[PDB]
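> Take a look at this one; I'll ask things after.
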Amino acid sequence: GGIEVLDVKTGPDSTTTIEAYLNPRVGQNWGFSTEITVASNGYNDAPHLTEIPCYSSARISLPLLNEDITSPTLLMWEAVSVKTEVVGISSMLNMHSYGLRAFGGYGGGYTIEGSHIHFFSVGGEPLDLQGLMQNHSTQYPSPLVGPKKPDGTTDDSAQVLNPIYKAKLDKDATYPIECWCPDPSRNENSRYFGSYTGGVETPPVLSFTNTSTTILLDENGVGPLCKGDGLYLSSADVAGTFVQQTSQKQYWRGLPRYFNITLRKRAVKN
Amino acid sequence: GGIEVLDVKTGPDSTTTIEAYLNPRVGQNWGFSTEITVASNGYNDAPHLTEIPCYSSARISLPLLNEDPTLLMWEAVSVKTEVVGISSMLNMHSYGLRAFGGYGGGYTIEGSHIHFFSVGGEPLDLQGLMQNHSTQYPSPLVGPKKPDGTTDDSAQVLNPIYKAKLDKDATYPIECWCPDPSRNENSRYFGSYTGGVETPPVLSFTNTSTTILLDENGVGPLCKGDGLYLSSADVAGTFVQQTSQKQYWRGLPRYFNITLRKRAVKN
Amino acid sequence: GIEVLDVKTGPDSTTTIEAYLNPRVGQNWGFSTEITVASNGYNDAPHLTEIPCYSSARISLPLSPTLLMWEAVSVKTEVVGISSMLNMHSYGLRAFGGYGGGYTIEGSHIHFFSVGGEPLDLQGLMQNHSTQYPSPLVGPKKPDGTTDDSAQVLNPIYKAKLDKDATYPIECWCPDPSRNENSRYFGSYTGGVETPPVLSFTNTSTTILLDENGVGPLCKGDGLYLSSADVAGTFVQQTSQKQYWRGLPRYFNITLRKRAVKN
Amino acid sequence: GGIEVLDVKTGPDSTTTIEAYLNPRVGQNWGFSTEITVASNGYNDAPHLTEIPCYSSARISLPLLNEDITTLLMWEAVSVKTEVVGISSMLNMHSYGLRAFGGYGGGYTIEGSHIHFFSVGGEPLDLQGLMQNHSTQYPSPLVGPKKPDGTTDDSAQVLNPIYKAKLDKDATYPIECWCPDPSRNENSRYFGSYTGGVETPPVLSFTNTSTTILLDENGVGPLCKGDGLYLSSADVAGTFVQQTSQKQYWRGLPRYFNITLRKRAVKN
Amino acid sequence: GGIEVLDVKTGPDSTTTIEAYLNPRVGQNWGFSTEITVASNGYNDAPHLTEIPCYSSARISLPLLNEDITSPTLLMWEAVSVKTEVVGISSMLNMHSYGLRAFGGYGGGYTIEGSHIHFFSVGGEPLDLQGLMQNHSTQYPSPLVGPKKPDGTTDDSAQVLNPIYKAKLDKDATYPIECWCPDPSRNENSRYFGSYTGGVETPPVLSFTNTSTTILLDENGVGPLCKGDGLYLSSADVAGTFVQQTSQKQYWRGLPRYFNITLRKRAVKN
Ligand SMILES: [Cl-]
Ligand SMILES: [Cl-]
Ligand SMILES: [Cl-]
Ligand SMILES: [Cl-]
Ligand SMILES: [Cl-]
Ligand SMILES: [Cl-]
Ligand SMILES: [Cl-]
Ligand SMILES: [Cl-]
Ligand SMILES: [Cl-]
Ligand SMILES: [Cl-]
Ligand SMILES: [Cl-]
Ligand SMILES: [Cl-]
Ligand SMILES: [Cl-]
């Protein structure tokens with residue numbers, strides 16, 4: 001960030017690893033939303049709290065570094081690398097748990113399918129969010145938070161980029177995926193990675209391995225610096241929809257994300 | 001360009017970064033076109049101004065250089081670029097045509113899409129090519145015309161007579177203008193089109209990705225008149241409305257983060 | 001959590017082991033029995049013979065303040081019998097209104113293998129917490145025998161070791177990314193109703209099992225742990241229009257070297 | 001070719017770049033074929049001249065080389081920047097396409113089976129005969145695989161060396177009966193990709209930042225015999241599906257070439 | 001593999017290149033099978049000879065090396081590299097040759113589509129085949145060869161891996177693709193490469209170029225050593241099915257494969 005970055009402290013107990021998971025927040029806590037609803041044209045677009053998928057977020061507490069915050073050089077934890085995994089991909093190989101049945105009702109149940117998003121960020125502070133949504137008029141129930149101008153309104157500009165609509169991902173299960181994307185004009189002290197696929201019946205493609213590592217160092221060899229000795233993890237893994245037999249109703253299906261972050265002590269001015 | 005390129009000036013205040021965004025121009029300003037129309041066979045192909053998606057374009061003003069013993073020009077070295085609001089499409093409740101015979105959720109944006117951006121030291125060079133030479137574009141849109149005002153059958157293939165400079169936002173339709181590969185020496189452009197009726201869009205986003213703008217000889221776009229030229233075209237697909245079963249083009253904005261350095265040139 | 005020393009690097013210091021794991025899709029001859037779907041509000045209690053499981057085996061390897069353990073360095077692995085799917089005459093649901101050939105295997109599929117120095121660590125996660133697995137299958141249970149709603153997401157209480165072939169259902173158990181320090185695992189799932197399988201085969205491909213520090217899986221008790229899950233898709237039978245899981249076998253060729261460790 | 005290749009001449013005026021385009025030859029000249037026809041079973045397979053897509057080809061004239069009294073020099077094609085022009089033309093759902101969502105939606109963008117292919121060569125591209133239906137009747141002036149006697153037997157559906165030709169005329173050799181001959185083309189570099197299916201979506205990229213090296217395993221590029229550069233193209237993006245008629249038309253796209261050549265010394 | 005490999009002989013006439021093609025063997029010789037048939041449930045699965053696609057195979061005769069077979073060091077040809085191409089991909093851009101017509105009969109004919117396999121091997125001996133098939137009970141007409149135990153039977157194990165079912169690809173147009181895969185437990189002296197795609201109407205994707213070369217040398221820099229001065233080529237290129245208009249019957253469509261192999265003389269202990 002806008003800190004002056006100095007030498008990497010090295011030695012034993014200059015590096016630590018944190019293991020964490022984020023369970024999905026698809027509108028309920030057990031990995032499925034309630035049924036997806038669609039207001040009739042000309043009616044209010046006011047979906048149920050429990051059908052709006054949100055970003056998962058957590059701040060992990062790191063070991064205290066500076067006894068005096070007033071020393072003229074500080075130590076901050078620097079996130080160097082992350083091993084991350086989407087847990088329970090194998091759970092989707094299930095054609096018997098009440099899925100809409102293929103081949104005119106004689107086949108097995110539909111495995112999870114439809115539009116999906118997979119996304120994670122590691123950061124030294126809350127992730128910066130830019131407001132952008134499909135329908136400016138959408139009404140999010142409390143306690144969810146959506147793009148608002150200072151006056152409380154939400155005009156047509158919220159369907160494109162208007163800098164007036166910004167927020168910090170500072171609470172789990174609160175910021176809907178559908179009205180908030182990572183702000184590419186900020187997040188200097190965060191690394192984020194996302195992939196969205198659309199379509200009605202699109203098959204999800206997900207891989208898993210313990211052999212994959214992502215470097216979090218930027219073009220200048222600096223990783224996220226954890227302000228207040230706090231590591232900020234964010235997740236969004238909506239694998240697709242579950243299509244229920246007989247009802248033919250659709251439910252968002254979320255998956256949890258494992259994190260394994262490596263950090264090292266780093267010196268900064270002030 | 002047709003300038004003689006010399007040494008990279010280095011020192012304090014020899015590099016700068018510019019941040020910009022281009023909002024989409026899909027025919028209106030709030031990211032959706034009006035309904036897509038299709039003339040009956042034998043009728044004029046004359047679509048509405050507000051249903052024709054166009055290239056977004058802007059010229060960013062750079063610091064003045066040769067105010068103050070060699071000639072200097074800004075050289076665009078790299079760009080971090082992002083399509084903003086991809087997450088907006090994970091929305092199955094905002095009036096989309098409903099799946100599984102009307103009992104399921106609304107269709108997320110789908111269909112044919114184009115994603116494209118250019119960084120340049122001058123206006124982007126456009127070659128005329130369109131699906132239907134007879135198409136009638138309402139004013140103020142601009143489409144391929146010969147000098148006499150006509151548009152013959154050759155405009156469906158390559159005819160060098162049909163050329164233009166992308167010199168105005170929301171004006172040049174994506175469907176009749178492509179980047180001219182015979183020119184654009186002083187511009188770097190990147191585009192991907194996918195077709196199909198219900199094709200799912202696939203879009204990624206990260207702040208960890210950089211594109212080098214230097215050519216085979218280590219030279220980036222040189223900003224003539226101290227002006228950086230950005231262009232965008234991000235039509236994510238169509239929105240399919242429930243009940244009407246009408247289709248609307250859906251555009252997305254594009255963030256740019258360009259790094260430039262001072263470069264010396266002879267005339 | 002061992003202290004790893006020098007690679008012993010002399011005569012009789014390397015060996016290669018060949019093995020195959022046949023699939024465990026619910027029966028032993030590469031097809032499950034018909035996939036069943038309880039009516040809404042009825043118990044989700046599928047047949048033993050319709051639940052695909054992880055294949056697993058422990059290969060026995062050759063038999064002081066410094067010890068020698070076998071270190072798995074590399075693996076050549078292959079999914080055998082991919083060519084078996086080019087078959088449009090063996091009773092498949094027929095295309096083009098019954099006049100065409102039978103459907104080749106299609107639908108949702110998973111391909112997965114692990115090489116390890118100990119049993120593969122499994123985390124419990126399933127689509128439906130209420131699912132009832134017949135004996136002798138094992139599914140996520142708390143210590144008290146219950147299985148609450150948390151088993152649809154990550155709850156650390158639901159863990160197991162892949163210590164028996166044809167026993168742990170693919171659908172309620174994934175590799176635990178919080179453990180498996182001494183195992184290398186690789187998996188790819190594709191969903192969809194009629195999704196075409198895409199599978200490649202060659203004897204020219206090798207996977208390195210060494211980690212970021214050049215250490216491979218260390219075989220505790222002189223035992224190499226292999227695991228497999230290759231559900232190619234479903235077979236769609238003509239007339240019945242019923243679906244059967246189709247499994248494929250996996251060949252392993254592992255190279256190991258002697259490695260020195262403290263204790 | 002069967003020349004002995006020597007040193008790369010370097011100096012002033014030892015390299016040049018040529019710009020060219022090939023417009024598509026899908027059966028007419030304005031980027032669409034006439035309607036695709038399908039004979040009834042048992043009837044002759046005799047499609048219209050104007051519904052058979054062909055290879056585009058051109059020979060560009062290079063500067064004359066052996067004229068100075070001071071080794072003999074041929075132009076060597078080193079690299080090519082190539083682009084499919086007018087990909088953006090396909091983002092069009094208003095020009096009479098079969099309409100989606102039961103007639104209330106927009107027109108179908110181009111879709112279906114497609115082929116994208118280009119070659120750079122020092123001589124005409126070598127073609128091997130292979131076709132789906134040996135009995136197909138190509139109208140004059142099109143050329144299809146024939147034995148010396150004029151016949152075309154069942155072997156033309158697989159590889160029979162008897163069926164060979166040189167791509168020596170634009171808009172003449174149908175894509176469907178001629179592929180690049182991998183047993184020849186020593187002095188040509190070719191690159192092709194075909195995708196099938198009824199409604200398959202075309203995926204096409206465009207950029208001015210991409211270069212293809214034309215040098216072989218021995219660092220030799222195509223050597224332009226008679227000071228002539230041979231370009232070939234085949235860009236059938238897919239079909240246009242017309243509303244109401246529900247008839248299909250092949251849609252071709254033009255291909256830009258930017259070739260870099262250098263002088264190269266050869267012995268007889 | 002199995003020979004003591006010594007120095008690479010170098011000199012004039014120490015390298016040679018062979019050009020060959022394998023025409024497809026989809027059940028007839030002109031690139032199409034007869035109609036695909038499907039026995040009714042409970043009836044014998046006994047398809048026609050001319051509807052079963054098989055591996056193409058050929059042994060190319062190489063120049064004689066050893067005048068005395070009794071010399072204590074021999075020369076064998078070593079296959080170093082291969083340029084290989086699937087010929088006639090462009091043949092599929094054909095919507096007028098009697099294909100089932102799109103858009104309710106008013107459109108053009110279906111181009112070849114459906115499940116496909118592309119595969120080639122270069123070897124110093126016949127390719128090793130492992131028996132595995134979808135239906136153990138399938139009855140292959142003479143002269144085709146399918147997995148049999150020594151006693152003549154074919155039990156349920158032939159649907160998975162049973163080492164008892166092995167064969168050498170020693171005859172063209174004889175070993176069905178559907179019951180035989182390359183044996184990964186053998187083929188030490190062969191290099192093989194295969195890709196299968198399934199589905200009913202799956203579009204084939206095939207590329208062609210004269211600029212692509214595959215190295216055949218193993219992890220120890222040894223290529224296939226041609227026993228008896230014979231190079232073994234194998235091919236399987238079933239591009240998909242042809243769907244005929246009116247009949248709505250399906251025919252396997254095969255394509256030929258070009259080979260260009262480079263070999264060098266190599267010394268071995270004897
Ligand atoms: Cl609207
Ligand atoms: Cl079908
Ligand atoms: Cl469920
Ligand atoms: Cl895999
Ligand atoms: Cl069965
Ligand atoms: Cl016929
Ligand atoms: Cl290409
Ligand atoms: Cl290329
Ligand atoms: Cl037309
Ligand atoms: Cl030949
Ligand atoms: Cl035919
Ligand atoms: Cl291949
Ligand atoms: Cl036929």
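Residue numbers start at 1 in each chain; chains themselves are named A, B, ... in the order of the structure tokens; ligands are numbered from 1 in the order shown.
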Check every protein, DNA and RNA residue against ligand 10, keep those with an atom at most 9 Å away (counting only C-alpha atoms and all ligand atoms), and present them as a list in words.
residues 161 and 183 of chain D; 19, 20, 21 and 258 of chain E
> In Å, rounded to a single decimal, give me how far atom CA of residue 240 of chain B is from atom CA of residue 45 of chain B.
22.0 Å
> Within 12 Å of ligand 13, counting only C-alpha atoms and all ligand atoms, which protein or nucleic acid residues do you find, written as a short mmCIF file (atom, residue, chain, number, x, y, z; two decimals) with N, CA and C atoms, in the first residue's frame?

data_model
loop_
_atom_site.label_atom_id
_atom_site.label_comp_id
_atom_site.auth_asym_id
_atom_site.auth_seq_id
_atom_site.Cartn_x
_atom_site.Cartn_y
_atom_site.Cartn_z
N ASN D 41 -32.55 -38.43 -51.07
CA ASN D 41 -31.89 -39.76 -51.20
C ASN D 41 -32.23 -40.33 -52.58
N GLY D 42 -31.26 -40.94 -53.25
CA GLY D 42 -31.42 -41.59 -54.57
C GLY D 42 -31.29 -40.63 -55.73
N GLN D 132 -16.41 -36.27 -48.82
CA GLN D 132 -17.42 -37.06 -48.06
C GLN D 132 -18.17 -38.00 -49.02
N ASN D 133 -18.43 -37.56 -50.25
CA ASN D 133 -19.23 -38.32 -51.25
C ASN D 133 -18.54 -38.33 -52.61
N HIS D 134 -17.96 -39.47 -53.00
CA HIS D 134 -17.18 -39.60 -54.27
C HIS D 134 -18.03 -39.17 -55.47
N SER D 135 -19.34 -39.37 -55.39
CA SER D 135 -20.29 -39.18 -56.51
C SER D 135 -20.63 -37.71 -56.71
N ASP D 154 -14.57 -44.76 -55.16
CA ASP D 154 -14.90 -44.72 -53.71
C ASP D 154 -13.65 -44.35 -52.90
N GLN D 157 -12.81 -41.04 -50.85
CA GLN D 157 -13.42 -40.79 -49.51
C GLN D 157 -12.37 -41.06 -48.44
N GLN E 28 -15.91 -50.93 -43.30
CA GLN E 28 -15.67 -51.03 -44.77
C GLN E 28 -14.40 -50.21 -45.06
N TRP E 30 -14.00 -47.63 -47.48
CA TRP E 30 -14.15 -46.31 -48.15
C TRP E 30 -14.64 -45.27 -47.14
N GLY E 31 -14.29 -45.46 -45.87
CA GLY E 31 -14.30 -44.41 -44.83
C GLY E 31 -15.62 -44.32 -44.08
N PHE E 32 -16.62 -45.12 -44.47
CA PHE E 32 -17.91 -45.25 -43.75
C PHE E 32 -18.19 -46.71 -43.40
N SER E 33 -18.71 -46.94 -42.19
CA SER E 33 -19.31 -48.23 -41.77
C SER E 33 -20.67 -48.40 -42.46
N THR E 34 -21.27 -49.59 -42.37
CA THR E 34 -22.71 -49.80 -42.67
C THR E 34 -23.50 -49.26 -41.47
N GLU E 35 -24.83 -49.19 -41.56
CA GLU E 35 -25.67 -48.55 -40.51
C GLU E 35 -25.35 -49.17 -39.15
N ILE E 36 -25.33 -48.34 -38.12
CA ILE E 36 -25.18 -48.78 -36.70
C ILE E 36 -26.51 -49.41 -36.29
N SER E 97 -24.47 -33.31 -48.96
CA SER E 97 -24.38 -34.75 -49.29
C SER E 97 -25.25 -35.59 -48.34
N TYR E 98 -26.57 -35.38 -48.43
CA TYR E 98 -27.66 -36.26 -47.95
C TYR E 98 -27.75 -36.29 -46.41
N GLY E 99 -27.16 -35.30 -45.73
CA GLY E 99 -27.21 -35.25 -44.26
C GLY E 99 -28.61 -34.92 -43.78
N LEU E 100 -29.02 -35.44 -42.62
CA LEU E 100 -30.27 -35.03 -41.94
C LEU E 100 -30.31 -33.51 -41.88
N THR E 241 -20.02 -39.66 -36.44
CA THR E 241 -21.03 -40.37 -37.25
C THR E 241 -21.56 -39.44 -38.34
N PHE E 242 -21.98 -40.02 -39.46
CA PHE E 242 -22.83 -39.38 -40.50
C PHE E 242 -24.29 -39.73 -40.22
N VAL E 243 -25.16 -38.72 -40.11
CA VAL E 243 -26.61 -38.87 -39.82
C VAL E 243 -27.37 -38.65 -41.14
N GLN E 244 -27.87 -39.73 -41.74
CA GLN E 244 -28.52 -39.67 -43.08
C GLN E 244 -29.94 -39.11 -42.96
N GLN E 245 -30.30 -38.22 -43.89
CA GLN E 245 -31.66 -37.64 -44.00
C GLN E 245 -32.66 -38.77 -44.27
N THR E 246 -33.89 -38.62 -43.76
CA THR E 246 -35.05 -39.50 -44.06
C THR E 246 -34.91 -40.81 -43.29
N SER E 247 -33.88 -41.62 -43.53
CA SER E 247 -33.63 -42.88 -42.77
C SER E 247 -33.40 -42.55 -41.29
N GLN E 248 -32.73 -41.43 -41.01
CA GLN E 248 -32.25 -41.01 -39.67
C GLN E 248 -31.34 -42.10 -39.07
N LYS E 249 -30.67 -42.88 -39.93
CA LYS E 249 -29.67 -43.89 -39.53
C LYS E 249 -28.28 -43.22 -39.45
N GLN E 250 -27.39 -43.83 -38.66
CA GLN E 250 -26.04 -43.30 -38.35
C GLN E 250 -24.98 -44.26 -38.87
N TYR E 251 -23.92 -43.68 -39.44
CA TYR E 251 -22.76 -44.39 -40.02
C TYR E 251 -21.48 -43.80 -39.42
N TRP E 252 -20.61 -44.64 -38.88
CA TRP E 252 -19.24 -44.25 -38.45
C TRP E 252 -18.48 -43.70 -39.66
N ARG E 253 -17.76 -42.60 -39.47
CA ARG E 253 -16.94 -41.93 -40.51
C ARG E 253 -15.48 -41.93 -40.05
#
> Compile the contact shell of residue 134 of chain C as a PyMOL selection string: residues with an atom at most 9 Å away, counting only C-alpha atoms, same-chain residues fewer than 3 positions apart removed.
chain C and resi 45-48+137-138
> Could you list the protein, DNA and RNA residues that have any atom within 7 Å of ligand 7, counting only C-alpha atoms and all ligand atoms, and write them as a ChimeraX atom specification?
/D:116-117,191-193
> Those same residues, written as a compact mmCIF listing (two decimals), in the first residue's frame with C-alpha atoms?

# COMPACT_ATOMS: atom_id res chain seq x y z
CA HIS D 116 -10.29 -21.33 -40.48
CA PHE D 117 -7.07 -21.88 -42.49
CA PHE D 191 -2.36 -23.96 -40.40
CA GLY D 192 -6.04 -25.05 -40.22
CA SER D 193 -8.81 -25.71 -37.66
> Please return as a PyMOL selection string the residues found within 12 Å of ligand 8, counting only C-alpha atoms and all ligand atoms.
(chain D and resi 79-83+116-120+189-193+205+210-214) or (chain E and resi 207-212)
